[PDB]
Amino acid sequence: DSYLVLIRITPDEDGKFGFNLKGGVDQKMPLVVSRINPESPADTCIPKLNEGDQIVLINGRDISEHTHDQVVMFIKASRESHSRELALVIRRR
């Protein structure tokens, strides 16, 4: 079927992970990766993030009922962290 992948990303020198997001509970569209910036941290980790990946958890947090702006803040918040690491549980088709 579809399946879950856990992806761990450390941001680059500018604090960017290298992907774009669309969706959120206010957008009436699920949260989904709309871009992978080539050679970015999100493109070079193993396993890597893919365009079209559906975001399920952000650092363990179920984000199904959070807004677009909220989840962008949750992602930025992972840089101000223990390991600076962002952990994305995603769903892939």
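Numbering starts at 1 and runs along the sequence shown.
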>> Mean Cα B factor from the PDB record: higher for 13-21, or higher for 76-84?
In response: 76-84
> If you rank the chain by CA B-factor, which third does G60 end up in: lowest, middle or highest?
Replying inline: middle
> Can you tell me which third, lowest, middle or highest, the CA B-factor of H66 falls into for its chain?
Replying inline: middle
> Sorting the chain's CA B-factors, does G52 end up in the lowest, middle or highest third?
Replying inline: highest
>> Quick check on the deposited entry: does the C-alpha B-factor of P41 sit in the lowest, middle or highest third of its chain?
In response: middle
> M29's Cα B-factor: lowest, middle or highest third of the chain?
Replying inline: highest
